[PDB]
Amino acid sequence: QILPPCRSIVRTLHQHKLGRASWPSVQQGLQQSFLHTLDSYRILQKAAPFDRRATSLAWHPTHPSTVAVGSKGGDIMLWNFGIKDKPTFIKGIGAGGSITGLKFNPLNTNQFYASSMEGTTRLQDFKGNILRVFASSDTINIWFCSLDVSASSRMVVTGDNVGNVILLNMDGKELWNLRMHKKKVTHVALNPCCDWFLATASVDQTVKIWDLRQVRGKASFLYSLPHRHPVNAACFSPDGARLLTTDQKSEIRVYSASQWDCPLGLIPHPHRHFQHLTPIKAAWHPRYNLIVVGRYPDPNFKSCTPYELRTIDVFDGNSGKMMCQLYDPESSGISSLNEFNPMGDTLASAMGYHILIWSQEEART
DNA sequence: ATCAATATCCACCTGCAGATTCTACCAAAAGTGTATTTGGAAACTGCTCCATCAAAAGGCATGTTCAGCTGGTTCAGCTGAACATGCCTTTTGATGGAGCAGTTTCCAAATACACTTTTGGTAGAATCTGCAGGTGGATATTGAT
């Protein structure tokens, strides 16, 4: 609610219609408007349970109300809102086959890629049929951790708990599996505006920017950014120019195109890591310069706000400070994951044993 | 309330197998030296193990009913303690005679050192099979009436 200097929306809109004022000023004002209306999301719309804990989340890119989610026990759910047709389910071993990475297929929306603790990077349908296994550990106590895909390049990529990343085509053709790190890789991600430089994060207190076509020589990498603590995720923006990274103790950093090494800014925020808790992953908003993250208080962290609850915090990217706080009782669990729709009208949250939807207010005639 | 009557304890005494100590003989304990091998400081490395302390399933802390134990009481019948009284085995010394423990000695044969050759046991990859779980059906079990 509390917001900084800004005014004259209809004025700015007409000035844009005249060509006087540039578009980004309007974009700033409307980012402010979106946060303002986000302060009226307070009425939590929907809750959804199933069995063992949620571990990974993904949005159907084309459709707003549908979402896919993967559990701690190999349990996948596909769920649509306003349908009430008893959502789609598939079970797994339930104990040690925790899926941990999940993105939709841009081609066949009723498919999905997945990375499992069983040691099986697979591509499987929501109907149960395993389409194709992509890799394998072939030795237990060695499993996969990370996964992503790109369509413009037609590439698939996935990371391990030991330090090596794999890169395949949609029809196999594996020319990769060189080692990148010495320990587990939490997240990996591809650029949207270009197609052939990559980002990876790990427990090594380092996050790495790669050139997936040019480097082949066992740590002849392109760039390496250090950290004070491990990193749970490093995710690109949709514009491709601002890279977000998130630690385990208390930090977020924004790196630019210009000198990947040096940082533009650091966004301190506590999301302290824990064993049985699902690891925390900050995320962009696809069409603004906002960031949305879940909080996990630490009594020792120097809080700027005087009220410290298990809240969902939102920030502006290119400034550093906050603009909104989501909270709803009956949901005092801790939203490990939070992801806005690529559409831009709906938000999904993953708490322990719960999936939540935070949509906007329904008005009265 | 006392008294009769057993058994034991406390004090003194005298004489003896065991205690002790003194004495002669000695293989074992300390000296001395060389030869050979060993804990322990330093480094390395890679398995295993404690710090952290959300959130739900399900086990436990509480509270209730009432049904079988426990633990008091009673008492009739059976028994071990006490004891007499007698008497057969055990003791214990003594002796006398046969076997065995140990003590020596010699010696073929049982056995350790050590060189060298092969190979059963181990371990990591590769394949299989059957206990778990599941599901359903037919029998057994159990308590109110």
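Residues numbered from 1 in each chain as written, not as in the entry; some residues may be left out. Chains lettered and ligands numbered in written order. Part of a larger assembly, values for the part shown. Heavy atoms only, no water. Residues with missing side-chain atoms left out of burial classes, pairs and counts.

1. Concerning the overall build of chain A
- Along the backbone of chain A there are two helices and 26 strands.
- If you line up chain A on its principal axes, its C-alpha atoms span 60 × 50 × 45 Å.
- Within chain A, counting contacts between residues at least 6 apart in sequence, those at least 24 apart form 44% of the total. (Helix = DSSP H or I, 4+ residues; strand = E, 2+ residues; numbered from the N terminus. Contact = heavy atoms within 4.5 Å.)

2. As for the UniProt feature "repeat: WD" in chain A
- Here, the residues flagged by UniProt with the feature "repeat: WD" are residues 56–91, 99–134, 143–178, 184–227, 230–269, 283–326 and 336–360.
- Overall, residues 230–269 shows 0% helix and 48% strand. The separation of its end C-alpha atoms is 15 Å.
- End C-alpha atoms of residues 336–360 are separated by 21 Å, and the span's content is 0% helix alongside 52% strand. (UniProt positions renumbered as here; feature names shortened; annotations may be inferred.)

3. Focus: the sheet that holds strand β8 (residues 130–133)
- Pairing is antiparallel across the open sheet formed by three strands, whose spatial order is β6-β7-β8. Looking along the sheet, the strands with just one partner apiece sit at the ends: β6 (111–114) and β8. Neighbouring strand axes in the sheet, compared pairwise and without regard to direction, differ in orientation by 15 degrees on average.
- Bridge analysis of β6 against strand β7 (residues 122–125) gives four bridges, and the strand direction is antiparallel. Bridging from a neighbouring strand, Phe112 pairs with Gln124 of β7. (Pairing = 2+ DSSP bridges. Axes fitted to C-alpha atoms, helices over the stretch in contact; angles between N-to-C directions.)

4. Focus: the protein's contact with DNA strand B
- The environment of DNA strand B is formed by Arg272, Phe274, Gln275, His276, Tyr296, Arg310, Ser332, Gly333, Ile334 and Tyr353.
- Protein-adjacent atoms of DNA strand B, using a 4 Å cutoff, are sugar or phosphate at a proportion of 54%.
- Note that a base oxygen of DNA strand B is positioned 3.1 Å from one of the side-chain N or O atoms of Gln275.
- Within the backbone of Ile334, a nitrogen or oxygen atom sits 2.3 Å from a phosphate oxygen of DNA strand B.
- Of the residues belonging to the surface near DNA strand B, the class tally is four nonpolar, four polar and two charged. (Near = heavy atom within 4 Å. Polar contact = N/O pair within 3.5 Å; in protein donor to acceptor, adjacent residues only side chain to side chain. Nonpolar A, V, L, I, M, F, W, Y, C, P; charged D, E, K, R; others polar.)

5. Looking at the nonpolar core
- Counting 18 residues, the largest nonpolar core has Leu35, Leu38, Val292, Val314, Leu326 and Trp358 as the members making the most contacts within it.
- Elements supplying a minimum of two residues to this core: α2 (23–38), β21 (290–294), β22 (312–316), β23 (322–326) and β25 (347–351).
- Here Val292 is in contact with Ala282, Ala283, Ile312, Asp313, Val314, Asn338 and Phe340, once residues within four sequence places are set aside.
- In terms of nonpolar packing, the next biggest core, distinct from the first, is built from 15 residues, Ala54, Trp59, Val67 and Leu337 among them. (Core = buried A, V, L, I, M, F, W, Y, C linked by side-chain atoms within 4.5 Å. Buried < 20%, exposed > 50% of the residue type's maximum accessible area, 1.4 Å probe, protein only.)

6. Let's talk about the side chain of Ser202
- Here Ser202 is to be found in the loop between β13 (198–201) and β14 (206–210).
- Taking relative accessible area as the criterion, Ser202 reaches 0% and is therefore assigned buried.
- A polar contact of 3.5 Å, which involves the side chain of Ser202, links it to the backbone oxygen of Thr206.
- Apart from the residues lying within four places of it in its own chain, the contact partners of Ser202 are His181, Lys184, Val185, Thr186, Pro230 and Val231.

7. Regarding the UniProt feature "short sequence motif: DWD box" in chain A
- Under the feature "short sequence motif: DWD box", the UniProt entry names residues 196–214.
- The span residues 196–214 shows a helical share of 0% and a strand share of 47%, and its end C-alpha atoms are spaced 9 Å apart.

8. What about α2?
- Its 16 residues place the ends of α2 22 Å apart at the C-alpha level, agreeing with the 22 Å of an ideal helix rising 1.5 Å per residue.
- Within α2 the residues assigned to the buried category are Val26, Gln31, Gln32, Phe34, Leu35 and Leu38.
- In the core, the buried residues of α2 are packed alongside α1 (9–18), β21, β22, β23 and β24 (337–340). (Expected span 1.5 Å × (residues − 1).)

9. Re the sheet that holds strand β17 (residues 242–247)
- One open sheet accounts for four strands, arranged β16-β17-β18-β19; its pairing is antiparallel. Across the chains shown, the open sheet's two edge strands, defined by having one partner strand only, are β16 (231–236) and β19 (265–266).

10. What to know about the side chain of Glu251
- Within the secondary structure layout, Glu251 lies in the loop between β17 and β18 (252–256).
- According to the relative accessible area criterion, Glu251 is buried, its value standing at 9%.
- At 2.5 Å, the side chain of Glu251 and the side chain of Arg253 are in polar contact.
- Dropping the residues within four chain positions of it, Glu251 is found in contact with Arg228, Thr245, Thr246, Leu266, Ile267, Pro268, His269 and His271.

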